[PDB]
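Here's the structure we're looking at; comments come further down.
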Amino acid sequence: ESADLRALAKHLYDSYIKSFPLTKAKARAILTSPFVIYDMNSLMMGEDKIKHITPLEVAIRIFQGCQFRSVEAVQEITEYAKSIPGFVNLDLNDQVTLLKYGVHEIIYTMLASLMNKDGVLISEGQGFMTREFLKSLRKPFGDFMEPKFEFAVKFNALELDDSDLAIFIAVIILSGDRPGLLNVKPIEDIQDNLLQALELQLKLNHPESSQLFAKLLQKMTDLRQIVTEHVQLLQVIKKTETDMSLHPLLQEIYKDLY
Amino acid sequence: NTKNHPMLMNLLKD
Ligand SMILES: CN(CCOc1ccc(C[C@@H]2SC(=O)NC2=O)cc1)c1ccccn1
């Protein structure tokens with residue numbers, strides 16, 4: 001029933017607004033004034049002007065900035081997943097497995113909302129770190145962000161809004177082919193109805209773009225690959241890199257990821 | 001799964 005799918009779409013958009021303080025609409029409104037970090041000197045100036053708390057090399061520091069952002073993103077995503085009808089019924093083991101494999105895919109999806117072709121909103125939109133600077137970084141740090149920027153440029157061309165993204169994100173979380181799932185049957189059934197809600201959502205909200213649903217689902221596999229390539233580049237520098245020690249939440253997520 | 005991932009479980013708990 002179309003109306004039951006419009007009621008699922010509305011519930012997810014309402015929960016998405018409640019779960020994610022920096023939405024794409026606010027991000028677009030800003031990107032169209034945050035402190036611009038574009039080189040070494042503007043970075044050092046930036047973190048005194050500007051979302052990092054602890055007891056106390058630039059590449060490592062920026063990396064710990066992103067880690068800190070991740071940990072809070074997982075918390076928003078977890079609070080959002082819990083509102084997806086039927087998620088809090090799945091085998092608690094499988095809730096954990098969906099979270100585990102879904103959380104970075106959502107992070108990069110929502111990171112695209114904060115990106116344009118030249119940089120990214122940081123620290124809830126009070127900063128803007130340039131793509132060039134991120135690329136200029138040394139060793140393998142200059143390659144962390146670049147695939148995200150390339151994904152975001154293509155993904156942002158779809159012109160999804162937050163109401164679109166609320167269902168797309170939910171579709172991603174409820175993937176039935178995550179390694180180690182116990183009960184894939186009720187997960188696929190939840191996902192199947194989210195996909196119907198997404199499809200109706202895209203035909204109502206984007207009547208003019210044919211095959212947007214098709215283009216969107218192909219992006220889902222892009223996201224999986226981005227995370228897989230990040231997993232490895234993370235395991236690359238856990239050998240050379242002496243100064244990095246991943247946040248506990250993140251080393252738990254990454255543990256036997258890929 | 002649930003054995004490992006205590007941090008995930010506790011975010012899911014409430
Ligand atoms: C570029 N920005 C915006 C956020 O950009 C992000 C880039 C990567 C991640 C994923 C982290 S990083 C990692 O290796 N594992 C994770 O979960 C999360 C956010 C910065 C940069 C510095 C400080 C704060 N914000």
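By convention in this document, the chains of the structure tokens carry letters A, B, ... by their order, each chain's residues are numbered from 1, and ligands are numbered from 1 in the order they are shown.
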query: Could you name the residues that touch residue B:4 at 10 Å or less, counting only C-alpha atoms, but leaving out those on the same chain fewer than 3 positions away, as a ChimeraX atom specification?
result: /A:93,96,252-253,255 /B:1,7-9
message: List the spatial neighbours of residue A:76 as a VMD selection string - criterion: any atom at most 10 Å away, only C-alpha atoms, same-chain residues fewer than 5 positions off excluded.
response: (chain A and resid 16 18 to 21 70 to 71 81 103) or (chain B and resid 11)
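Among the candidates A:224, A:139, A:52, A:203, the residue lying nearest to ligand 1 is A:52 (atoms considered: only C-alpha atoms and all ligand atoms).
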message: Considering only strand (DSSP E or B) as DSSP defines it on the backbone, what residues of stretch 62-231 of chain A qualify? List them as a PyMOL selection string.
response: chain A and resi 115-116+119-122+127-130
field: At most 10 Å to chain B: residues in chain A, only C-alpha atoms, as a PyMOL selection string
entry: chain A and resi 74-76+78-79+81-82+88+91-100+180-182+248-253+255
- request: Give the residue list for ligand 1 at 8 Å, counting only C-alpha atoms and all ligand atoms, as a VMD selection string, sorted by chain and then by residue number.
  value: chain A and resid 51 61 to 71 104 107 to 108 111 120 to 123 129 134 144 to 145 230 to 231 234 250
Secondary structure check, alpha helix (DSSP H) residues of chain B, as a PDB file with N, CA, C and O atoms, in the first residue's frame:
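Once written, states30.pdb looks like this:
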```
ATOM      1  N   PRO B   6      31.292  -5.212  22.751  1.00  0.00           N
ATOM      2  CA  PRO B   6      30.494  -4.694  23.881  1.00  0.00           C
ATOM      3  C   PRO B   6      30.063  -3.244  23.691  1.00  0.00           C
ATOM      4  O   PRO B   6      28.959  -2.859  24.108  1.00  0.00           O
ATOM      5  N   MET B   7      30.896  -2.438  23.061  1.00  0.00           N
ATOM      6  CA  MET B   7      30.555  -1.007  22.882  1.00  0.00           C
ATOM      7  C   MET B   7      29.328  -0.880  21.978  1.00  0.00           C
ATOM      8  O   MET B   7      28.451  -0.124  22.315  1.00  0.00           O
ATOM      9  N   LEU B   8      29.270  -1.669  20.914  1.00  0.00           N
ATOM     10  CA  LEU B   8      28.093  -1.650  20.046  1.00  0.00           C
ATOM     11  C   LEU B   8      26.850  -2.102  20.808  1.00  0.00           C
ATOM     12  O   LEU B   8      25.800  -1.447  20.755  1.00  0.00           O
ATOM     13  N   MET B   9      26.960  -3.207  21.551  1.00  0.00           N
ATOM     14  CA  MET B   9      25.819  -3.682  22.333  1.00  0.00           C
ATOM     15  C   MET B   9      25.290  -2.604  23.270  1.00  0.00           C
ATOM     16  O   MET B   9      24.075  -2.384  23.351  1.00  0.00           O
ATOM     17  N   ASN B  10      26.186  -1.883  23.945  1.00  0.00           N
ATOM     18  CA  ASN B  10      25.729  -0.892  24.910  1.00  0.00           C
ATOM     19  C   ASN B  10      25.107   0.336  24.246  1.00  0.00           C
ATOM     20  O   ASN B  10      24.281   1.016  24.871  1.00  0.00           O
ATOM     21  N   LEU B  11      25.491   0.655  23.001  1.00  0.00           N
ATOM     22  CA  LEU B  11      24.787   1.729  22.296  1.00  0.00           C
ATOM     23  C   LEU B  11      23.399   1.273  21.873  1.00  0.00           C
ATOM     24  O   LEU B  11      22.478   2.092  21.773  1.00  0.00           O
ATOM     25  N   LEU B  12      23.264  -0.031  21.643  1.00  0.00           N
ATOM     26  CA  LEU B  12      21.998  -0.658  21.198  1.00  0.00           C
ATOM     27  C   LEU B  12      21.103  -0.905  22.398  1.00  0.00           C
ATOM     28  O   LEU B  12      19.913  -0.880  22.209  1.00  0.00           O
ATOM     29  N   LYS B  13      21.688  -1.106  23.572  1.00  0.00           N
ATOM     30  CA  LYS B  13      20.911  -1.411  24.800  1.00  0.00           C
ATOM     31  C   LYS B  13      19.837  -0.363  25.018  1.00  0.00           C
ATOM     32  O   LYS B  13      18.726  -0.755  25.219  1.00  0.00           O
TER      33      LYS B  13
END
```
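Between atom CA of residue A:202 and atom CA of residue A:17 there is a distance of 18.7 Å.
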- line: The distance between atom CA of residue A:30 and atom CA of residue A:137 is 25.5 Å
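One finds atom CA of residue A:119 at 18.0 Å from atom CA of residue A:226.
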